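Enquirer: Quick one: this structure, given as structure tokens, is what I'll be asking you about.
Cβ sites come from the backbone with ideal geometry, for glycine too, and all protein chains shown count toward neighbours. FYI, it's all coordinate maths here, none of it is from the lab.
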Amino acid sequence: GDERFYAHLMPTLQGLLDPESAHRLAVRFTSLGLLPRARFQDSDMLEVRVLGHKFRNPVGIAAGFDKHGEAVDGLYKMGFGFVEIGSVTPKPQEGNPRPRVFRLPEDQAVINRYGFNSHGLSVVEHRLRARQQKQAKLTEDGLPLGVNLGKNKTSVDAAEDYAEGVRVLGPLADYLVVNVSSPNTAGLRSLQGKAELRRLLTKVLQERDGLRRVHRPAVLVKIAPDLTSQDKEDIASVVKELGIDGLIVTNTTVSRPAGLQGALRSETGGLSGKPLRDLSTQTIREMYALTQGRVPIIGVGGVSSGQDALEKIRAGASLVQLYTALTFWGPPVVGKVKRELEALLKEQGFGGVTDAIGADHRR
Ligand SMILES: Cc1cc2nc3c(=O)[nH]c(=O)nc-3n(C[C@H](O)[C@H](O)[C@H](O)COP(=O)(O)O)c2cc1C
Ligand SMILES: CN(Cc1cccnc1)c1ccc(NC(=O)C2CC2)c(C(=O)O)c1
Ligand SMILES: CCCCCCCCCCC[N+](C)(C)[O-]
Ligand SMILES: O=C1C[C@@H](C(=O)O)NC(=O)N1
């Protein structure tokens, strides 16, 4: 439970296991509840009301750690204020050949090209149904569940893949994410283009609206950090035109920022962690401005401290997520981020997280 011991423990495990093996093991341990339950108790300062729900704290686990919905309860126990699973594809698929995940310890970064390895909708559906009422109580308790939807590699109709995801997992989710920003599926990111995006999201929203009221999720779009100014303007325009409920900003980057030191920096894939942090923050800042602060943003990318979280909140994020920091600092990082965030909010005169959202734009 000690942040300092994990930040001896983690260096040792990483020296024993390749990152995918470590990941699979972490999912197993988490799902089994082997893990101190977090000591940090959330104060009222951290509560956020957005997307039609209460979040007891603004720090969630990003998509990709629990791709198949196996460790949801263990993740709440870790102290996350909300959990997002996925991406899930309609049919099962294996993803790319291994190795497909790489550590850049000198950069506190990871590169991955998993390629949407997924148990598929049916498996995940039954897995979530088995704990559906437990989740209903968690959500009511301020601990919401998100489901992130992807598309199969060999799919002929991308929009239909997402539509299927809405119909099958929408009823089980507090929010859905249309993931159009994975760098690891050919042609996927072009769905971020204005015409493709409008057509895709119109279909997604129609399917969502066709679900019964108590089973009707918010719909968010998750975007890349690598968008042109034109891409961002167009996404903002479509989001407001269609009434999209929120944005997740951002996925991993295909860029390789000057200064990366890791030996594996030239591996193909999406880069996450520290080198992504400010690129993500600036994308949040831009999208918040383009949407006039009217569209909830979940900020993601390189968060490993309370300062990192608050910078994204002040840039316009209502909630934040992290993943990569977990691989370097381990479970203690969740409470660390929350404790540091609370201290910083007090220091800077905010009554709570809600007061800080978008604060940079009012200065
Ligand atoms: C190993 C790995 C797998 C990921 N898988 C997904 C995914 O399946 N769907 C998705 O929307 N994002 C996925 N992501 C992106 C993360 O959700 C997040 O947007 C990105 O890693 C930036 O946050 P971070 O720096 O805290 O890790 C993945 C990231 C990593 C490191
Ligand atoms: C040890 N740990 C944190 C943890 C989380 C939940 C329960 N116990 C411990 C963890 C989890 C996932 C990891 N791998 C990855 O996720 C990589 C990106 C594929 C790593 C790693 O690569 O070193 C370490
Ligand atoms: C039929 C299912 C095909 C996809 C298998 C996916 C296995 C996922 C194992 C845990 C997640 N991880 C990313 C670490 O592989
Ligand atoms: O959305 C995604 C998909 C994931 C993968 O390759 O499965 N890799 C990522 O970095 N982001």
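Enquirer: Please give me, ordered by residue number, the trypsin sites (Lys or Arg not before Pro) of region 234-307 that lie in loop per DSSP and have at most 12 other Cβ atoms within 10 Å.
Expert: Loop-located and lightly packed - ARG294.
Enquirer: With no solvent and one point on each alpha carbon, what is the Debye value of log10 I(q)/I(0) for the chain at q = 0.07, 0.12 Å⁻¹?
Expert: -0.26, -0.82
Enquirer: Could I ask something else about it? How many percent of DSSP beta bridges within the chain run antiparallel, rounded to 5? Don't skip to the answer; put the middle values down first.
Expert: Details: 13 of 41 bridges.
So the antiparallel bridges in the chain amount to around 30 percent.
Enquirer: Can you spot the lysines whose alpha carbon is less than 17 Å from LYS274's alpha carbon? Ignore those fewer than 8 places along the same chain.
Expert: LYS312, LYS336
Enquirer: Also: Taking Cα centroids, how far is region 120-134 from region 1-15 in Å?
Expert: Going from one Cα centre to the other spans 33 Å.
Enquirer: When the helices in the chain are scored as -39500 (n - 2.57) per DSSP H run of 4 or longer and the sum is shared across all residues, what 222 nm value do you end up with, to the nearest 500 deg cm²/dmol?
Expert: Counting only the DSSP helices, I get -11500 deg cm²/dmol.
Enquirer: Follow-up question, since we're still on this one. In debye to the nearest 20, how big a dipole does the chain give about its Cα centre with +1 on each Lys and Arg Cβ and -1 on each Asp and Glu Cβ? Provide the component values of the computation, followed by the final result.
Expert: Values: 49 positive and 41 negative charges, 93 e Å.
Value, rounded to 20: 440 debye.
Enquirer: Next question, about the same structure. Give the cross-link partners of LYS153 among the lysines, using a straight C-alpha distance below 18 Å as the criterion and excluding same-chain residues fewer than 8 apart.
Expert: Partners found: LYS67, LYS91.
Enquirer: Between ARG98 and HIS126, what FRET efficiency comes out of the Förster formula 1/(1 + (r/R0)^6) with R0 = 35 Å and r the beta carbon distance, rounded to 0.05? List each step's numbers first, then the result.
Expert: Values: r = 27 Å, r/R0 = 0.77.
The pair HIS126/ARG98 has a calculated efficiency of 0.85.
Enquirer: So, one more: Among the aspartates and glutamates, which have Cα under 19 Å from the Cα of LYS240 when same-chain residues fewer than 8 positions away are ignored?
Expert: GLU196, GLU207, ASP209, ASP231, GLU286
Enquirer: If you take the charge dipole of the chain about its Cα centre, with +1 on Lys and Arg Cβ and -1 on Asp and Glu Cβ, which of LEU35, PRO11, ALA236 is farthest toward its positive end?
Expert: Farthest towards the positive pole: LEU35.
Enquirer: Now, a different point. Based on the alpha carbon coordinates of region 1-89, what radius of gyration and maximum Cα-Cα distance (Dmax) apply, in Å?
Expert: Expressed in Å, the Cα Rg and Dmax of region 1-89 come to 14.5, 44.
Enquirer: At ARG362 and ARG39, where each label point lies 7 Å from the Cα along Cα→Cβ, what is the point-to-point distance in nanometres?
Expert: 3.5 nm
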